[PDB]
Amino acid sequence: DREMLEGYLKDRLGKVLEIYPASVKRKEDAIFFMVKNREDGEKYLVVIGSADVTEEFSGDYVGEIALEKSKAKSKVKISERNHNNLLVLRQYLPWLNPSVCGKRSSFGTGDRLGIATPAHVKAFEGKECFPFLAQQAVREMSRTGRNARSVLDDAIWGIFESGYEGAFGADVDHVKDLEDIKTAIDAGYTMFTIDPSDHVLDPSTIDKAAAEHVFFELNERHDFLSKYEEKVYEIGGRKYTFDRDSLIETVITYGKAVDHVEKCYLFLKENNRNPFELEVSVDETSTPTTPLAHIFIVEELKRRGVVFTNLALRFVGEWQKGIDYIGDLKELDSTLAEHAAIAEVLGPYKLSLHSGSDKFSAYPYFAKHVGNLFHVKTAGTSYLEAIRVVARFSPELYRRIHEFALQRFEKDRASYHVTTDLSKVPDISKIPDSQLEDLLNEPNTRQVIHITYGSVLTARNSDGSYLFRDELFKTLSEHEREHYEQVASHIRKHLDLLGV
């Protein structure tokens, strides 16, 4: 029984170590599982088996035990979740490795904290949907002190705690330059979201002379007019015609970005021996992606040999972080029908919705038009659920965090376009500890907390110690069950409304 192993461990190491039953796996002669120290919340891997297997793991030996199956004694060793031990574990447990998704529906669950992957796994139970359990943008990793190795390692450690053996993917989100691509390659990420948004031009903000010079140079090098001028596409009972000026606007908007994407794809082809997937994100545009722009981007990618699986368009309406969709559902439905039809005939390929966190108003139309071949990305919503749990069990922490975030909001709201109304966040000094949790139901407070995640995590006192991160993680460890169920139920709501 589990309690006998726990007593063995308590007697020899002198700590109360509780076993996660679902983590226990038996392969080779060996038995692997994860324990948690009741005193400090530290989690450890325990390996029981032949000396030849325990020797490949670093850590201190606990002793010898007798397996029920065989007379010969087995070595018991306890190891920390360092990187090389996770590598050895991932060789003994081959499912602990990211896979390429392919042309099937998927869902990304970013984890800005590194501890929510078991909950994300709970959310996919029974769902027919490929999970991206490792997903963090380069900028998120920068703002949190994590790197691609550590993000993937956190996700895989959580998967091991959960006991999940199905497939999963690892997405390096919004990548711009080639060195970050190299780090994600060396870590073994399986999806690369190429973000060429630096090169995207908005013709409504630049002068006409500059737009002209840009088109002239791009067309002198690529001959876009001979390729596309007057060309007609029949897709979905509709006609699309590349007239001169539409093609010119499209080229000035997207040509240099397509060049950037080509360069990144060629880099991945040269430096990645492992199976990989490529998503092309144009989710950073002030204007919704027109259908003609969609056609041009996809046709240029196909002409250049850039093999992509996902295309993340910028849809009509308002896609702000932490709140629901604001837009004309009529036009969203119609444009989604348009883009889905073009995706079918051009590829087919996956349409990828970034900023999907909490857009429940729009998920019906999404499941209608792309419900077969979609990808939906989320990240900050799990952080919001964690902060909700913090306000539920450590209100004095949430109060200080709320004030600090309100003061940091001005510097932090620059990198995002949020129409937050600060006068509509409730006055926290008039709210007792017993009710702070309700604050995370109010959209503008949700935006303030979503946006300032990095500042709260990185905040440091004068002496050099962090103000919140230590207590934040200790709080979340003390109420792991509640954190898990809140995150899992939220993500599963997202999956339910998407029809999977």
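Residue numbers run from 1 along the displayed sequence.
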| query | finding |
| --- | --- |
| 448-456 versus 63-71 - which carries the larger mean C-alpha B factor in the record | 63-71 |
| Mean temperature factor over C-alpha atoms, higher-scoring stretch between 303-311 and 135-143 | 135-143 |
| Out of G237, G158, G110, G169, residue topping the C-alpha B-factor column of the entry | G237 |
| From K350, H199, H83, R413, residue of greatest CA B-factor | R413 |
| Within-chain third of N372 by Cα B-factor, per the entry | highest |
| Assigned third (lowest, middle, highest) for the C-alpha B factor of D328 | highest |
| CA B-factor placement of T287, once the chain's modelled residues are sorted into thirds | highest |
| CA B-factor placement of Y365, once the chain's modelled residues are sorted into thirds | highest |
| Third of the chain's Cα B-factor distribution that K231 belongs to, per the entry | middle |
